[PDB]
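Asker: In this note's numbering, each residue carries its 1-based index in the sequence shown increased by 745.
All C-beta atoms in this analysis are idealised placements derived from N, C-alpha and C, irrespective of residue type, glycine included.
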Amino acid sequence: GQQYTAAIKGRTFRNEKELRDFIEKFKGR
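1. To the nearest angstrom, how far is the alpha carbon of residue 763 from that of residue 770?
2. From which residue to which residue does the alpha helix (DSSP H) around residue 767 run?
3. Nearest-angstrom Cα distance between residue 748 and residue 772?
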């Protein structure tokens, strides 16, 4: 699969499950 390359620079995710959670962290401002 097309792994996320833009979405996040310097921190990539292998499991979208963890990105769904870290996403909850970015969305908060």
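Answerer: Looking at the atomic coordinates:
1. As a working note, residue 763 is residue 18 in the sequence shown. As a working note, residue 770 is residue 25 in the sequence shown. Going from the Cα of residue 763 to the Cα of residue 770 covers about 11 Å.
2. Within the sequence shown, the letter at position 22 stands for residue 767. Counting along the chain, the alpha helix (DSSP H) containing residue 767 begins and ends at 761–771.
3. The residue labelled residue 748 in the question sits at position 3 within the sequence shown. The residue labelled residue 772 in the question sits at position 27 within the sequence shown. Distance between the alpha carbons of residue 748 and residue 772: 21 Å.
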